[PDB]
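Enquirer: Below is the structure I would like to discuss, written out as structure tokens.
Read-outs throughout are calculated quantities, based only on the coordinates presented, and are distinct from any laboratory measurement. Heads up, the Cβs are rebuilt from the backbone with ideal geometry, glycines too, and the neighbour counts pull from every protein chain shown.
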Amino acid sequence: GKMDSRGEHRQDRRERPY
Amino acid sequence: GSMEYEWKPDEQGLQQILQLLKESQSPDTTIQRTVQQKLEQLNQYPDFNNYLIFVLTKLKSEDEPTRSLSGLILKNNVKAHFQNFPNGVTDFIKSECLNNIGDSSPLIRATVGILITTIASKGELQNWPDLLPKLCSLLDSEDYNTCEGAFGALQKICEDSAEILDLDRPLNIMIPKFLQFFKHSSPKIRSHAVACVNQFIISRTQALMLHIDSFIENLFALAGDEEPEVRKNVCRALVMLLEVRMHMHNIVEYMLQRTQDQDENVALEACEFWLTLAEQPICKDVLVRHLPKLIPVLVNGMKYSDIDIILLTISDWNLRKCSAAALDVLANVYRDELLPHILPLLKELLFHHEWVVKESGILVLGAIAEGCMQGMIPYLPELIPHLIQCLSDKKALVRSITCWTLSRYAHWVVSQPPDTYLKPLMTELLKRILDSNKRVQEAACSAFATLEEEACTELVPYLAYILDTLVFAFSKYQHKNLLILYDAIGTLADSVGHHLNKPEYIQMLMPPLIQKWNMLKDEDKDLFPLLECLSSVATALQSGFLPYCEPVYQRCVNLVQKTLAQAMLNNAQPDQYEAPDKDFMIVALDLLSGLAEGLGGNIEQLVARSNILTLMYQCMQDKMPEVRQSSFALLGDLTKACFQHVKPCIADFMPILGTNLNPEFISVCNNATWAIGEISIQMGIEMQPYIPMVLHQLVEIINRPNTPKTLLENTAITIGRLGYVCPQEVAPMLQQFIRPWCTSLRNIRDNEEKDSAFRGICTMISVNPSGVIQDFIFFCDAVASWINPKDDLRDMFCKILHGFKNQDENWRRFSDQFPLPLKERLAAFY
């Protein structure tokens, strides 16, 4: 499919402190 | 006597400049905004800067709020506009700044110091080459303010510029002088020395590895120094040396005793040591002993400071974040093996009443989740409800941290009955998503995203309430959380797939996305996530998205057109035309990509009557890897959609992908590789000629260490299809690519891609049977990966594979070397 900067972006920018 | 020199201005501008300064100190604001601009406008002279520094150096009969202000405006005049700098005039700045630094007044010392530093870092270290030697000579101490001022100048110089220093390579003479001042009486000088040397340690330069043996031995002597800066630079030095070097017996006690220092900054500088340690492989067998003293200290820091609660903004890396991160990497080092150290603390703090501690407890639970996941499961059935009820807290920080920490156990929540855990979590989570506080909205959304990401199809029955609350939040949100809302809906459609296609769900979800679609213009950057959102939505709405396919498709093709045009213009004439932001191409292609993946052949009418293939062939040659990644993805989606229109362009496509097989661009390679796959299954025997260009690269790629498994899987499918359509040209490489092919092809589902891959390998093995024998084990391993094979494929495995077993004496001694379940699954299945 696609090593999406979409999926990786929306995965990274999920907020958290840990 | 001997020779001398000097410079002298006149009574001309000095009076006007002094009036402009005396009035540039005016308590009014309009006078500052007027005079400061007039002075930033009277720079058209080559002599003006010599006027300002003349006020700084020789005008000794004037108040310091005027002298230092003159030197500061000189700072801004050099740091700002320095291309039109008079060299001979700046010479006076160099000499006067260099020799008048030891002034007894601390203000003049500070302004002259920042003048020297800004002149160095903004004027570079090349054009003025006699600065550093004269500073190092002036460093041999005299009164106090002299060596301290030149020393600090060397601190900010060595902090800014560092690589460039590696003047006949002078650093060799720098270090011993620092060492001469390393055992100094005044603590400030030493704190400047340590920070000076701490810059050239991560760069592992060749000048220090000779003078380091006694350097660190002397560095330990500053263990009990009182000035917090000395401790800061020293602990900083130890943390940095921990990464590039492998007295560990007492340094752990000094650092752990120093982790509870009265200054949170120094405790942080000592706190990164646990991260740097836990990263290296040495922490496994050195850190384990004194831990019961370490863990509570970390938890003592993981509570919010008295300062931070009031600013709720916060900084970006504190003792709180560093403690949580240290606990993170430590949990990832120990897995389940740290339950005793903590569990009593958790059982305590998780049910406290003073919430400032309970928050810390919940955060600690969030910090050990990924690390100690397997050992934490048994305690969970009671843990989550307390967090569920904790979502109803009134204070904001505890509510948000409950959202995130609760979100971290998405697997166990979704791997248990729904009405028991997943339904209440979804309900209360959705109830707190609609909050009057911002961080609760953003963190609750960024928790819902993970909940869908791990829940997937379990969200079908509740999509009415899910979409109802999410669009209520759509019309009710602001802007910074709206990005994360697009994240949430995109992750939604990606998670629940086709089952979204109901007309009333479209009536909830699509009207607002169309409103945001219509109100925004093409040059608005906020289109970046929206299209992406729609992309995932375009994957889920499928044929229900038909009435709106024409305008969206058109607008995407237009966007691509415009961007490529601008690209050409910037390629032909930079000095007259603008450079575009290519982030508009990828996202557009992504949508187009998703569009095909939603509509398939239904996109036919659009792809013919739109000059889009040529646009793709223009995208696939750009410089940023992202547009090749997304463009090749679109090429795969379009190839599987319609090939009657792509066929001719195929001739000009395969060479491009022939050079786009590069692991250095992982994100691209996969997509590129995948493209060829979907081409072969469509090109049939016609795929024959283009093999020697792609194959010899692909096979070299598939036998590579430290390679992502997704690239090896898509490469595996590609090789499989190239074999199914071109077995005579791909087959001889079987000894060379058979190992990681089936070695890595064990972690896939059962549909059509793996089916055509194994058809390809079955034909390639039936055509060249000699290749796989010596490694046939692996093949049988891969054959244990099938659960629901089709009839003809089953026949392919059992018939020929039976031929190998029929030719009965040696297959026991050779068979009982792999586990029994797969043994009898193959023996009973084939």
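Enquirer: Please identify the GluC sites (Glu not before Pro) of region B:714-789 that satisfy two criteria: DSSP loop assignment and at most 16 other Cβ atoms within 10 Å. Which are they?
Expert: Details: sites: B:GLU729, B:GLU752, B:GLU753; in loops: B:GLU752.
Answer by residue number: B:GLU752.
Enquirer: What's the exposure ranking of B:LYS521, B:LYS284, B:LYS640, going from fewest to most Cβ atoms within 10 Å?
Expert: Working: B:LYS521 7, B:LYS284 11, B:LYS640 17.
With the fewest neighbours first, B:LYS521, B:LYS284, B:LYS640 line up as B:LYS521, B:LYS284, B:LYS640.
Enquirer: As a check on your grasp of the helix formula, calculate [θ] at 222 nm for the protein assembly as shown: sum -39500 (n - 2.57) over DSSP H runs of n ≥ 4, divide by the residue count, round to the nearest 500.
Expert: Helix contribution divided over all residues of the protein assembly as shown: -20500 deg cm²/dmol.
Enquirer: While we're on this one: Given region B:6-830, what whole percent of its Cα pairs are spread farther than 38 Å?
Expert: Values: 214111 of 339900 pairs.
For region B:6-830, the fraction of Cα-Cα distances above 38 Å is 63 percent.
Enquirer: Can you give me the C-alpha center-to-center distance between region B:578-629 and region B:326-383, rounded to a whole angstrom?
Expert: Centre-to-centre distance over Cα atoms comes out at 47 Å.
Enquirer: Let me ask something else. Do any chymotrypsin sites (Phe, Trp or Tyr not before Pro) in region B:691-750 lie in a loop, going by DSSP, with at most 16 other beta-carbon atoms within 10 Å of their beta carbon, and if so which?
Expert: On the way: sites: B:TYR724, B:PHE737, B:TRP741; in loops: none.
Hits after loop and neighbour filter: nothing returned.
Enquirer: Farthest toward the dipole's positive end in region B:6-830, which of B:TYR421, B:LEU56, B:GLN629, given Cβ charges of +1 (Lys, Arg) and -1 (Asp, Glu) about the Cα centre?
Expert: B:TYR421
Enquirer: Can you sort B:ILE761, B:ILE787, B:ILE93 so the residue with the fewest Cβ neighbours within 10 Å comes first?
Expert: Values: B:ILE761 27, B:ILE787 9, B:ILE93 24.
If I rank by nearby Cβ atoms, fewest first, I get B:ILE787, B:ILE93, B:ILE761.
Enquirer: Next question, about the same structure. Within region B:754-796, list the trypsin sites (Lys or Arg not before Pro) lying in a DSSP loop whose Cβ has at most 14 other Cβ atoms in a 10 Å radius. Walk me through the intermediate numbers first.
Expert: Details: sites: B:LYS754, B:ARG759, B:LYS790, B:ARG794; in loops: B:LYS790.
Filter output for region B:754-796: B:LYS790.
Enquirer: What's the local net charge at B:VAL364, with K and R +1, D and E -1, over the other residues with C-beta under 15 Å away? List each step's numbers first, then the result.
Expert: On the way: positive: A:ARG16, B:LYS303, B:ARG320, B:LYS321, B:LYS347, B:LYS358, B:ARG408; negative: B:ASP328, B:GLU348, B:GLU359, B:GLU370.
Counting the neighbours of B:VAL364, the net charge comes to +3.
Enquirer: Something else now. Out of B:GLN199, B:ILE650, B:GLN573, whose Cα points farthest toward the positive end of the dipole of region B:6-830 (charges: +1 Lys, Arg; -1 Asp, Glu; placed on Cβ)?
Expert: Result: B:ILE650, furthest along the dipole toward the positive end.
Enquirer: How about B:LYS805: which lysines have a C-alpha closer than 16 Å to its C-alpha, ignoring those fewer than 8 places off in the same chain?
Expert: In chain and number order, the partners are B:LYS823.
Enquirer: Using alpha-carbon positions, what is the distance between the centroids of region B:258-299 and region B:126-187, in Å?
Expert: Between the Cα centres of region B:258-299 and region B:126-187 lies a distance of 33 Å.
Enquirer: Taking the Cα centre of region B:116-238 as origin, sum charge times position over the Cβ atoms of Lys and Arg (+1) and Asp and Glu (-1), and report the length of that vector in debye to the nearest 20.
Expert: The dipole magnitude comes to about 200 debye.
Enquirer: Further question: Place a +1 charge on the Cβ of each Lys and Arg in the protein assembly as shown and a -1 charge on the Cβ of each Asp and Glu, then give the dipole magnitude about the Cα centre in debye, rounded to the nearest 20. Before the final figure, lay out the partial values.
Expert: Values: 79 positive and 104 negative charges, 269 e Å.
My answer is approximately 1300 debye.
Enquirer: Classify region B:391-475 as rounded, prolate or oblate from the Cα gyration tensor: take a ≥ b ≥ c as the square roots of its eigenvalues, call it rounded if a/c is under 1.5, otherwise prolate when a/b beats b/c and oblate if not.
Expert: Working: a/c = 1.89, a/b = 1.26, b/c = 1.51.
Judged from the Cα gyration tensor, region B:391-475 comes out oblate (a/c at least 1.5, b/c at or above a/b).
Enquirer: Give the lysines reachable from B:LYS582 as a straight Cα distance under 17 Å; neighbours fewer than 8 places away on the same chain don't count.
Expert: Output for B:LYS582: B:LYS521, B:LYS525, B:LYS562, B:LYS623.
Enquirer: Compute the separation of the alpha-carbon centres of chain A and region B:745-762 and state it in Å as a whole number.
Expert: Taking the Cα centre of each part, chain A and region B:745-762 sit 28 Å apart.
Enquirer: Please report B:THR718, B:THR118 as a ranked list, fewest other C-beta atoms within 10 angstrom at the top and most at the bottom. All intermediate terms of the calculation are to be shown ahead of the outcome.
Expert: Numbers: B:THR718 28, B:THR118 18.
Lowest count first: B:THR118, B:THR718.
Enquirer: Tell me whether the protein assembly as shown comes out rounded, prolate or oblate; compute the Cα gyration tensor, take square roots of the eigenvalues as a ≥ b ≥ c, and use a/c under 1.5 as the rounded threshold. List each step's numbers first, then the result.
Expert: Values: a/c = 1.81, a/b = 1.63, b/c = 1.11.
The shape class here is prolate.
Enquirer: Then there is this: Only four residue types carry charge here, +1 at the Cβ of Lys and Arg and -1 at the Cβ of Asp and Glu. Report the dipole size of chain B about the Cα centre in Debye, rounded to the nearest 20.
Expert: Numbers: 73 positive and 100 negative charges, 241 e Å.
About 1160 debye.
Enquirer: Name the residue from B:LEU434, B:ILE114, B:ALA493 whose Cα lies farthest towards the positive end of the charge dipole of region B:6-830, charges +1 on Cβ of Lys and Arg and -1 on Cβ of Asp and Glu.
Expert: Result: B:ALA493.
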